[PDB]
Structure formats: structure tokens, C-alpha cells
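What follows is one chain in C-alpha cells, specifically the form deposited in one PDB entry.
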């Protein structure tokens, strides 16, 4: 029972690039030369092995069910921008959506220290 955002719906999906941006191999060979299906950006088509993206199996499953943005394409799920502090945009460890600290509810001013999950994923 994973929640999808209205603005993530009915949007164009770029043609997936069948190669990992990190290890430069296909779904048939990850870094260990083992099979691993790719995760692909719906904006630009950029793909990566979950292993290359350092995704946990749990995060991998949830991301595959969502409209995912690659590391470069990721916009704030609140304000829909990258902005001045795009490098500091938080990534949810549950769904990998992006959130500026000031766009979080409630707002943050300092970086959380361990695992962080967004307002959408928080119980």
C-alpha cells in the first residue's frame, strides 16, 4: 500500500536506457557480472542497478513501483524544483523521493544524522 503523488501521474515516461550509468553494463551484468534488472528515470531514461545505486532490497521494491527520478533529475516532491540547495535535497530511504529541508513538514534546518524517511512514508 504505497502512496503515489498526483503530479507523478499520467506523465510521459522516457524510453529507458538499457545500461547502468555507474558500471556501464546491462541488466545481464552488474558489477559482479550477475543479472540484476535496472531502475530507470522516467524523465531522462537514465538507468542504474539497485546495487550500483546502493538501494536496499526494500527500497528497490518500492522505487520500482513509483515514478522514479535519477540522481540528476530529482526535483523536490513538495516545491517541484531543484533550486539553490539541490545538492542538499534529502532522499527518502523508503521511497527515494526528494525533499528540500525547508519543504519538509515540519521544516528542517539541519541534516538528519541517520536514516531519514519523508512525510509521505512516515507512519
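Basically, rigid core = biggest C-alpha set you can superpose within 1.5 Å across the two forms. Positions refer to the first chain, counted from 1.
Two stretches are in play, 61-69 and 31-39, and the higher mean C-alpha B-factor belongs to 31-39. In this entry, 43-51 shows the higher mean Cα temperature factor of the pair 43-51 and 70-78. Placement of the Cα temperature factor of residue 117 within the chain: lowest third of the modelled residues, per the deposited record.
Annotation for residue 26: CA B-factor lies in the highest third of the chain's modelled residues. Compared with the other modelled residues of the chain, the Cα B-factor recorded for residue 104 ranks in the lowest third.
As for the form deposited in another entry, it is not shown, yet the points below apply to it.
Only 84, out of 54, 33, 80, 84, shows a C-alpha shift of 2 Å or more between the shown form and the other one on alignment of the rigid core. Here residue 106 counts as shifted, since its C-alpha moves by at least 2 Å between the shown form and the other one after the core is aligned. Note: the CA-CA distance for residue 85 and residue 70 contracts in the other form relative to this form, by 3 angstroms or more. Three angstroms is the minimum change: in the other form, the CA atoms of residue 40 and residue 85 sit closer than in this structure, by 3 Å or more.
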